[PDB]
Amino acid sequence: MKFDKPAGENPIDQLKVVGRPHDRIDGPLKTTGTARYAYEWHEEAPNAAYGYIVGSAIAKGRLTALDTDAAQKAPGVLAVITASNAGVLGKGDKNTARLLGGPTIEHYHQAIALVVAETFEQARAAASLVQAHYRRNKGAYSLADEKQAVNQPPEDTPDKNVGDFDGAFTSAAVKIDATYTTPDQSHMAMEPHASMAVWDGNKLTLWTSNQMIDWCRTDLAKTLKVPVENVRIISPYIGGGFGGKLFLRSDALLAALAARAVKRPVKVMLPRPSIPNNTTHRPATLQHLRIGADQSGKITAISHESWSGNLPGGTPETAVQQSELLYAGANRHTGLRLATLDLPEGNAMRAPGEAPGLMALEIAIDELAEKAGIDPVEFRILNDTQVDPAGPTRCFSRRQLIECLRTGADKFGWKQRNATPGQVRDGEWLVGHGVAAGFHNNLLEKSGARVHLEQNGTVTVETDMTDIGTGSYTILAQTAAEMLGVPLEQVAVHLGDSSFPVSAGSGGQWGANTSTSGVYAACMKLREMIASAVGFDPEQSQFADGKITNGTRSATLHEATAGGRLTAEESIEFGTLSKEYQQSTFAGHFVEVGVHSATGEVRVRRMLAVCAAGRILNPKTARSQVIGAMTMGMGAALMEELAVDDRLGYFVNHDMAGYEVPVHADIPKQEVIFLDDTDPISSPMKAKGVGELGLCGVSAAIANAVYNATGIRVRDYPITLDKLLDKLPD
């Protein structure tokens, strides 16, 4: 199925099961400890050995020698895998840093060996005996120090320039020029990265924790230099990812290598203290915004430059793209600048680019609104753009930012806010209200599925799509149930296995829409095959109450499969609609905060998100995404920071205590409203993403709330009490 014209009426529009807040179908497994994650597949390899990682003790240099004799001789030890003895490896396309270091050391805690042993305890103790030898090289670890030397963009990412920014900035009646920083952030998915490998001759089966099954299979094969068809990836349950499990990490590589060397299954879990430096992190940013507006509050000039750092060939944090589309302005400048830093690999984290970009942009808007004498909700409404500001002929498919904000303000009681900061108390707490816009593009990617009508009348969905806590299992079941006229509870859904059709995976918040659209495409073929088995015309047939009807004629789905089960396998493909229109998603974030008038402690008292993200496939699991993202936004705003040591070249606070994420005690009332945003330009499901959108804007809403509570702007996240303390009352 090629989707290249907007969707008309189709069976999903009935919304008998799609669109409804169903309990998630993996709920019984996840609440009883019977869902199996990567390290927990005992029956599949009951004598599996344990692999324990040795990370680099230096940030950067040469591994001159790696001694393994003492470890080899230790109790229960089978082997030590090293770069030397593992043989020549390839590198996967999504890995900047090598997953097995040696001789070059690219970053701190880069894996350099793996001790395989009979028990976990023996492998860990044995890993302590591995003696590495290093020669340090001079590295660069400070994004702010590298800033000054970088003032061109990358060759393949030129600046974007519309109109005359400098002229319009000069002429503007009111304007701001402000700098914002965001720190390095870490995923802290509650399930550590783990994998288990079994070889059967040249055939590899890997049980793992990965968001992108097909990317995993391909990249593992490229790395091991084996035929891709010899590798099988299995990841039905993933204990969180947040971008951090989009790629092949060193557990999967080392399990695979270990299991082949010892000719026995091996399982490898990255220990929690090693994860923040071994894996990836959201890059820190440093952002320069200059925005100009006229007498009437219409933005006339916008400039957004962002500086980020990464290893050679690594990605920038794409923090300026939202500023090309979100607000109006005839005169525009955007630009990325990428430093080389010898920290661990910077890579995607929930809403890469947009989370930090809006962290800056939406304070800047708050500031400029204040300067214009205009309510920040009205300021944003005033500068809505229903077309691409760099190409006015190019419409947004569907844009409800205005409606998000107005609805939000009405529900929130935004009019109750005191516009003069610092004037509202509740006991010892300064109370504040703030607002921010969310924005995130809707990306499309090809996705396939296989769907079976079984002879007992049940339906079987197979696809390699993942459910990382998103609810894919459930929404895919709703999709098939809707299309075939069966109740939800008759649909089996099988995910996260490379022996199933290739889906787009859980990433870019394209997963709900792409994966359900693939199922839609398979189910359309299946309906056709069913119609044909009972001698009916597909075009004139309907599917309901476990039956197919066709005018006056009527058969049961049991009869269609009397001559064996019916199987359809199809993909959805996307044409030029994402060029023709700008497909995006929008939100309004409203926050009330408390700031302690003595200590400067910040506590969120109330949060509302109003979202517009196409047709909501499941309001319950969708609401969960957004309150989840709101929680993550709170962390980014108030507590989350990977502390860089500039001298030693690593993240100092590299664990679940030192890197503070939000706890139960932090969480206020959190309300979510989904606007009816049905977008037929997106897909036949008419859906768009929420999982990353829900984070976008949250942190700046909070920052703008703290300002309203205190009169104190903080442009260096996170907004911790030390940054507020010297400007509070007495």
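Heads up: residue numbers just count along the shown sequence, starting at 1.
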| query | finding |
| --- | --- |
| Mean temperature factor over C-alpha atoms, higher-scoring stretch between 517-525 and 623-631 | 517-525 |
| 534-542 versus 277-285 - greater average Cα B-factor per the deposited record | 534-542 |
| Largest Cα B-factor, entry values, listed residues 380, 107, 425, 193 | 425 |
| Criterion, highest CA B-factor; candidates, 641, 464, 367, 146 | 146 |
| Third assignment of residue 62 from its chain's C-alpha B-factors | highest |
| Residue 245, C-alpha B-factor rank within chain (lowest, middle or highest third) | lowest |
| Third of the chain, ranked by Cα B-factor, where residue 666 sits | middle |
| Within-chain third of residue 510 by Cα B-factor, per the entry | middle |
| Third of the chain, ranked by Cα B-factor, where residue 184 sits | lowest |
